[PDB]
Amino acid sequence: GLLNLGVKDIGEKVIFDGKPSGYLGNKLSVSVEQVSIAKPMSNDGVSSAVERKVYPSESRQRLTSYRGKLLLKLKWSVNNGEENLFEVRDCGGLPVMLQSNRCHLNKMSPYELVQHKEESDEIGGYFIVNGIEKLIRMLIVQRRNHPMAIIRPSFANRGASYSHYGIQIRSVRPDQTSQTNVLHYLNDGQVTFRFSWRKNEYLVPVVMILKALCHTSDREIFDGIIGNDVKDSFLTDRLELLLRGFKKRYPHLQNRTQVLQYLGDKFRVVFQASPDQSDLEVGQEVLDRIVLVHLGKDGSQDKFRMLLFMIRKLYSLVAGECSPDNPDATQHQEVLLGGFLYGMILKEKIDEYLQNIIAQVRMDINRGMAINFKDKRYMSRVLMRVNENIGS
Amino acid sequence: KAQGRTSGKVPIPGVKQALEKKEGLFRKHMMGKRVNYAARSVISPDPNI
Amino acid sequence: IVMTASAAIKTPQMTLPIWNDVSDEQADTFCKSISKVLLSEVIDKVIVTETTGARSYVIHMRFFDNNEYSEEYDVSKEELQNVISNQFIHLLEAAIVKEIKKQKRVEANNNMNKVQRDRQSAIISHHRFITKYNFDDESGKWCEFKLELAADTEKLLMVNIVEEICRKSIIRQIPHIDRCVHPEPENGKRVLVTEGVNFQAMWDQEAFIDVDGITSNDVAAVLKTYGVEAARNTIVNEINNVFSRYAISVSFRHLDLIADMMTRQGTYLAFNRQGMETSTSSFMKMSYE
Amino acid sequence: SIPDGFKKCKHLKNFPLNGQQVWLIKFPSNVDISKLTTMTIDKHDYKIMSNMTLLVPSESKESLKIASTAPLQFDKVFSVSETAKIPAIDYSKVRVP
Amino acid sequence: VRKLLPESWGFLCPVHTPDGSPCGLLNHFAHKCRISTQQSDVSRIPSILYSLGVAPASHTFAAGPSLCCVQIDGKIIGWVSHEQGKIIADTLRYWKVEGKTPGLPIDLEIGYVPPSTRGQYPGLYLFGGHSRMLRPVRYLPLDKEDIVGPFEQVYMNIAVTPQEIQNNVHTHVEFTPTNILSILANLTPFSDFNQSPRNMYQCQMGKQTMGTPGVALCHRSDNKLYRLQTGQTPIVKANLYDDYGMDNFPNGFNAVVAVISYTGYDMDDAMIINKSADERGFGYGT
Amino acid sequence: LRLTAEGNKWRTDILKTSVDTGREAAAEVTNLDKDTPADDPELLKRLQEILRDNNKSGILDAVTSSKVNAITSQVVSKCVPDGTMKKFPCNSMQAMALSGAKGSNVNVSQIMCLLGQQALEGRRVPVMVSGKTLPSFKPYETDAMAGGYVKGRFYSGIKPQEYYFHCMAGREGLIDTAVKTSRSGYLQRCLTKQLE
Amino acid sequence: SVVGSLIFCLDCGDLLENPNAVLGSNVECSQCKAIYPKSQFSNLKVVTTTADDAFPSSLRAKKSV
Amino acid sequence: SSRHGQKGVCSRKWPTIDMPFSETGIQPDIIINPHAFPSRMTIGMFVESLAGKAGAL
Amino acid sequence: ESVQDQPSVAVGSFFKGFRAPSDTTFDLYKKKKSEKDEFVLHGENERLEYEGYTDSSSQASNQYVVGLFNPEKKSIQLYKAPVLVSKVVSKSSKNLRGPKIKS
Amino acid sequence: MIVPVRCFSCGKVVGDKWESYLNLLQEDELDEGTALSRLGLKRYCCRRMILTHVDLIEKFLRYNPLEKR
RNA sequence: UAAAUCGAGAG
DNA sequence: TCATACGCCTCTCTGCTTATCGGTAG
DNA sequence: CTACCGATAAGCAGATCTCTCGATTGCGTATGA
Ligand SMILES: [Zn+2]
Ligand SMILES: [Zn+2]
């Protein structure tokens with residue numbers, strides 16, 4: 001499922017406590033490996049026993065929402081598998097939608113639908129919240145996994161890059177979450193990578209990432225961006241400008257390991273990392289998290305090849321060798337389904353929940369508590385001190 | 001002119017903001033006012049008036 | 001026109017009435033003489049050759065055929081050579097040295113005449129780092145000039161700057177004039193229209209153009225060069241001809257009142273807060289915005 | 001650095017190169033190499049018509065060396081491309097009035 | 001942004017849009033436009049491509065628009081000539097339409113951009129991911145149904161009716177011309193006889209009619225409901241009126257209309273309704 | 001709204017002459033010699049450059065629009081007044097158009113004889129990046145039918161491509177109608193505030 | 001190794017520094033530190049021409065078409 | 001409204017006697033002015049009226 | 001006329017016109033798989049490390065065959081050789097690194 | 001919903017003919033026109049009332065709040 | 001009885 | 001153990017206005 | 001020589017008809033229970 005893929009690709013968030021333990025005491029590695037939503041049920045007070053079955057007719061009549069329980073099991077990992085503490089934590093009632101697999105009318109025939117007071121030909125596709133019907137509207141977004149030659153005055157206007165050219169690609173992770181990369185252009189003969197990890201934007205020289213993705217030589221970059229086009233003086237001049245600019249600005253980075261280290265300690269605070277991840281490790285982390293996500297991790301060679309293709313496309317665009325791709329043409333468009341948006345929001349809420357429990361642990365660290373990460377009592381105490389109403 | 005906002009919800013309008021824009025006091029309460037003794041409805045034709 | 005008092009309107013033109021005794025010939029020639037021609041309008045292409053055998057730059061300025069360009073644009077090879085040697089290199093060296101400052105942060109040239117050699121030496125002395133110069137003094141088809149540069153600087157484009165310099169170089173142009181087309185007369189009015197406003201230039205050409213009936217689309221220039229009343233007249237005419245083109249009739253009392261209110265201080269005012277503050281009553285402006 | 005299971009090949013067959021044209025045939029995996037343009041092989045039709053570096057066994061026949069004369073590049077390159085049948089439509093039954 | 005582009009042929013309804021401020025922005029999908037919601041099996045496609053003449057991308061030494069860069073959902077698979085890429089595109093479409101190759105799903109979009117002069121960047125593009133836009137058309141060879149998308153459609157000739165198929169021009173044909181229209185636009189009777197600003201007005205207005213919302217109104221607590229007491233099925237209606245089972249929710253009534261200037265109480269848009277008909281329950285609702 | 005048999009004969013005979021109008025207009029625009037085939041490689045290349053540029057496309061669209069407007073003017077002049085089954089004053093459509101009660105001669109012509117050429121903003125219908133105006137049409141199609149010039153009428157109905165083109169034109173009309181009302185308001189407000 | 005103004009290392013494949021900015025008579029690769037004498041490559045000649053869409057002129061339309 | 005975007009508020013409840021009866025005795029339950037058609041060119045309504053009459057017959 | 005499925009030769013891909021001294025030599029590997037085996041080519045020199053791999057995403061779909069051809073006879077000696085994508089690292093630069101964490 | 005008692009245009013009682021029309025359609029193989037003619041509906045104003053009726057009342061009656069489902 | 005934001009509409 | 005008060009928690013136009021690089025007289 | 005005076009280059013601030021419905025309203029935290 002998309003939810004399972006999302007929690008798998010979230011990764012583990014790590015915190016430390018001060019208890020002299022090379023870095024800081026013991027290590028905590030909180031993660032989620034299974035998110036399960038159940039069909040709505042009613043406790044009928046405190047009777048419990050076999051839980052009752054709630055129906056959309058009941059939800060509409062009660063003027064409340066039609067939601068099912070959301071279950072997450074936390075991988076409370078101490079010292080990298082020294083002591084694991086699994087625990088299934090409910091996260092409130094997640095509003096489920098009608099006629100879906102997590103609804104009680106999933107395969108009901110029209111006769112049964114009439115029997116259960118729904119409709120002769122009831123169709124789902126909507127949520128019931130506070131007794132009021134609601135719908136997640138489908139939205140048109142850029143086509144995934146396609147680099148489009150885009151010409152826009154808003155690039156040069158108020159852009160850190162000085163040109164109106166570029167090659168924008170909106171890559172999507174297998175868990176249906178998007179990360180766009182803009183291959184800007186500079187009038188002096190170089191290309192700057194652009195992305196937005198948080199709400200702010202960042203810019204990085206393209207050849208930086210080109211060398212950081214895989215161990216490469218400058219001749220490999222020349223071959224990839226120029227295939228048998230040696231006589232193309234325009235392409236050769238632009239490539240020479242780019243390589244000379246890289247060598248002039250960063251003469252220390254003669255190797256992939258040290259360029260990755262530079263990337264890692266440049267992106268350390270924003271890409272929240274415990275004082276355990278090395279510069280090389282956090283550089284590989286930001287690389288796998290930002291550039292060309294649709295190829296996923298362990299796809300560095302494919303990312304390198306596609307970056308070379310993107311650079312060649314940008315140079316062909318600025319050379320007038322290809323027309324710009326119209327953003328608003330339906331040929332270059334897709335539609336955000338509406339349930340994929342639900343999955344993205346669920347993944348982000350899970351991320352915020354994990355960060356919240358780690359913030360609670362850090363607050364305990366700042367104050368003075370017993371702070372024993374191996375204690376089930378302390379783990380349940382810190383789990384009950386953090387808001388868990390993801391369904392709300 | 002207020003300084004200091006991390007997340008917030010809505011920045012409370014000052015006395016200046018109560019008199020400035022199209023929704024301000026001037027253009028909404030003296031250049032045009034809601035009126036007593038006035039009606040409104042749909043029009044239907046009548047060639048006999 | 002009315003709500004912004006644009007002194008920099010998108011499309012400024014004048015109306016030049018030709019004399020009744022001037023035919024289409026000597027009129028199209030006058031249009032070609034008055035129209036603006038750029039250096040890029042005549043260059044076929046440029047072949048930049050870079051060599052480090054120190055950083056030389058040989059530029060071969062291919063030109064359009066003389067028998068056609070001297071007839072289309074009425075520009076001679078002598079004028080071409082003059083404008084090149086006077087402005088093209090002067091702008092090119094400036095752009096090149098600016099680029100260097102920012103960074104740090106056909107074959108008969110050997111068979112040459114004495115006059116050509118003297119011209120080349122003179123231009124070399126005049127300019128900064130030019131090592132050679134020649135012109136097609138018999139055909140006006142090419143102009144080569146070496147541009148040897150210091151070897152300590154990095155690689156330069158030398159093509160996208162030559163493009164900009166050629167496009168921004170002026171072969172023969174009168175200020176604030178771009179083109180002068182000859183449209184079909186509306187009703188017995190021999191009319192010459194341009195693509196810019198500069199009255200003093202056409203004041204000298206009394207022989208072809210009747211300087212008395214020079215009416216311009218722009219209002220600010222008319223106010224500046226003719227007075228407030230001419231500005232009011234042209235305001236009324238411009239605000240009327242848009243309505244007339246849309247087959248809508250507005251009585252001239254309304255337009256006359258609008259123009260008189262717009263020029264009530266002797267200046268090209270407008271209907272906005274920047275032309276509003278001159279008013280006795282403050283509440284009106286405060287209610288405005 | 002030997003990966004798991006990647007044993008070094010003990011011996012290699014001799015590869016003659018002197019005595020002459022060197023070609024590459026990019027046979028698809030489906031084509032049977034043992035049994036051997038409108039060429040017909042197996043039961044399917046195919047289309048047949050410095051990029052890489054070539055290695056050659058040395059005298060010790062336990063290593064790889066770059067072949068050269070007195071370098072050497074392949075004289076011709078061929079790529080066997082699998083083809084299908086695209087039949088013309090029957091316009092009589094397609095253009096229904 | 002609001003211009004009705006021709007690239008939305010069969011995907012976005014040309015008629016269905018709300019006149020006014022959201023015009024052109026809040027468009028609607030064609031009734032036969034399927035949105036893919038699962039990732040098609042693209043495991044075997046690279047294996048098939050290499051057999052078809054595609055050089056592997058790992059060892060190719062090729063770049064630029066002079067070569068046909070074959071991609072699969074954003075992954076550079078290989079490089080091939082332009083004519084060869086066109087041949088592979090046609091062969092892949094044939095194998096996809098015919099039900100013999102196991103690796104090629106029918107939902108796969110084969111978007112091929114032939115080389116041109118200052119056109120779009122060429123290359124063979126293959127897509128199989130989620131969120132795609134798909135439309136069914138009849139592949140002229142084998143007479144079987146084919147699935148196309150916006151990216152692949154703008155470069156392929158698709159006749160609108162079988163009578164206009166041209167020799168060596170059209171390789172696809174719409175099953176019916178009426179599947180490029182949305183619902184509420186197919187249901188407009190004789191929609192090809194009106195001015196378009198009236199078809200779109202009817203599309204916007206068919207949602208505001210006081211029809212029947214549902215039959216389970218005794219088990220609902222909706223804030224406001226508009227119910228037509230006695231609706232009738234149209235005498236004149238599209239074939240899709242009963243295909244979508246719309247008679248379960250009648251929207252109006254059949255009225256004996258008279259195009260006549262008699263009363264004098266209706267010039268601009270007004271209408272005159274029989275008093276006695278009204279007193280007989282004509283148009284009643286709650 | 002009907003025509004006579006002879007009126008329909010005139011209309012179809014005149015419309016038969018519009019087959020080559022688009023090809024001739026394109027050939028004239030591209031400076032090619034007349035009588036050239038519509039599939040000439042040089043003509044295709046020149047139309048390719050015209051499509052790539054934005055001013056050559058405008059010139060070609062203006063020329064073809066003028067030609068098809070001449071054709072539709074011929075059709076309307078020959079058919080509308082003296083080709084109708086019912087004549088004025090018996091023809092209520094014609095009486096309403098002539099007396100100014102409602103509608104106009106352009107409306108009557110669109111209903112009865114010809115719907116003319118669809119102009120979006122002083123220009124023909126948009127073109128894809130492949131030279132195709134629609135999936136139904138060839139790339140670089142030198143045909144007035146595949147240019148927005150619809151030969152149908154609201155009495156006999158319009159074909160699917162003509163329906164699409166007319167929908168385009170109606171959408172542009174409604175967008176402009178929405179925009180203009182908001183456009184004029186600020187101008188009027190500033191004028192009246194200063195001149196009150 | 002040499003294609004245009006660029007000089008590549010035949011061993012590793014790194015851009016050699018411009019010979020006009022080194023000590024003289026030889027330049028070495030920054031990765032393999034291999035000896036590359038200044039001879040065997042002295043004409044770093046590039047030939048470039050402006051695009052056809054660079055100088056829009058009235059005669060440009062008339063010379064063709 | 002009809003199915004061709006012909007809006008309009010009901011103006012008056014015209015009594016059946018004052019309604020123009022036909023030869024067969026049918027008095028229409030809705031009167032629409034003929035002047036609405038020339039400007040909007042909704043010939044689909046004209047086709048639909050006679051098609052529905054034939055269907056009902 | 002005679003095919004050689006057994007490992008005899010293999011073709012690499014470093015870059016355009018990769019040249020090494022004749023004294024340079026490489027070593028071949030072979031995994032213990034059944035069909036379409038992965039190949040790893042290793043080598044070293046005084047100050048350079050040469051290595052290569054074969055992409056499994058494409059090596060199991062197509063075959064590469066080397067052969068000879070007599071000018072006057074059609075006798076062709078078939079030889080199967082895998083294709084290896086390779087990279088070159090300097091030995092001194094291979095171990096080049098930096099500090100783990102910058103405080 | 002349920003069949004209207006009187007025809008809207010004229011006033012002829014058609015509320016006693018829906019069941020007869022359904023029986024004539026079901027038992028005998030009569031077309032809608034022949035069935036309407038046999039029922040005595042000559043004018044198309046009366047014919048449409050029974051020809052185009054929907055009878056949503058049967059669908060409405062399946063939701064009974066006073067009987068166990 | 002309020003006030004703001006968003007959404008859906010009419011002319 | 002655990003609830004309510006305190007503390008905050010990204011693609012349009014016109015000017016005007018300030019700062020900074022050139023020039024003239026004294 | 002050097003201060004008063006201009007002539008851009010950049011940034012800054014202010015703009016871009018009425019009427020009817022419906023829905024909604026924050027985390028975060030920290031101590032007395
Ligand atoms: Zn090296
Ligand atoms: Zn009746």
# chains A, B, ... in the order shown; residues from 1 in each chain; ligands from 1
$ residues_near_ligand --ligand "ligand 1" --cutoff "6 Å" --atoms "only C-alpha atoms (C1' of nucleotides) and all ligand atoms" --output "list in words"
residues 9, 11, 12, 13, 14, 29, 31 and 32 of chain G
$ interface_residues --of "chain F" --to "chain G" --cutoff "12 Å" --atoms "only C-alpha atoms" --output "list in words"
residues 27, 28, 29, 30, 31, 32, 33, 42, 43, 45, 46, 47, 49, 50, 52, 53 and 56 of chain F
$ interface_residues --of "chain F" --to "chain E" --cutoff "6 Å" --atoms "only C-alpha atoms" --output "list in words"
residues 134, 135, 136, 154, 157, 158, 167, 168 and 170 of chain F
$ interface_residues --of "chain E" --to "chain H" --cutoff "6 Å" --atoms "only C-alpha atoms" --output "list in words"
residues 188, 190, 193, 194, 198, 201, 202, 235, 236, 256, 257, 258, 259, 260, 261, 269, 270, 271, 272, 273, 274, 275, 276 and 277 of chain E
$ residues_around --residues "residue 22 (chain B)" --least-positions-apart "4" --cutoff "12 Å" --atoms "only C-alpha atoms (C1' of nucleotides)" --output "list in words"
residues 17, 18, 26, 27, 28, 29, 30, 31 and 32 of chain B; 286, 287, 288 and 289 of chain C; 15 of chain M
$ residues_around --residues "residue 73 (chain D)" --least-positions-apart "4" --cutoff "9 Å" --atoms "only C-alpha atoms (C1' of nucleotides)" --output "MDAnalysis selection string"
chainID D and resid 22 50 52:54 68
$ write_last_selection --atoms "N, CA and C atoms" --output "PDB file, in the first residue's frame"
ATOM      1  N   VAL D  22      37.384  -7.679 -37.334  1.00  0.00           N
ATOM      2  CA  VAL D  22      36.742  -7.887 -36.041  1.00  0.00           C
ATOM      3  C   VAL D  22      35.400  -7.165 -36.056  1.00  0.00           C
ATOM      4  N   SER D  50      35.467   5.722 -31.181  1.00  0.00           N
ATOM      5  CA  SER D  50      35.696   4.651 -30.218  1.00  0.00           C
ATOM      6  C   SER D  50      34.592   4.616 -29.167  1.00  0.00           C
ATOM      7  N   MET D  52      33.420   1.311 -27.463  1.00  0.00           N
ATOM      8  CA  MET D  52      33.780   0.325 -26.456  1.00  0.00           C
ATOM      9  C   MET D  52      35.267   0.005 -26.537  1.00  0.00           C
ATOM     10  N   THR D  53      35.740  -0.737 -25.539  1.00  0.00           N
ATOM     11  CA  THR D  53      37.128  -1.174 -25.459  1.00  0.00           C
ATOM     12  C   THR D  53      37.166  -2.695 -25.433  1.00  0.00           C
ATOM     13  N   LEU D  54      38.067  -3.277 -26.218  1.00  0.00           N
ATOM     14  CA  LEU D  54      38.175  -4.721 -26.361  1.00  0.00           C
ATOM     15  C   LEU D  54      39.336  -5.261 -25.533  1.00  0.00           C
ATOM     16  N   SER D  68      46.092  -4.621 -29.624  1.00  0.00           N
ATOM     17  CA  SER D  68      46.560  -3.525 -30.460  1.00  0.00           C
ATOM     18  C   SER D  68      47.539  -4.074 -31.487  1.00  0.00           C
TER      19      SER D  68
END
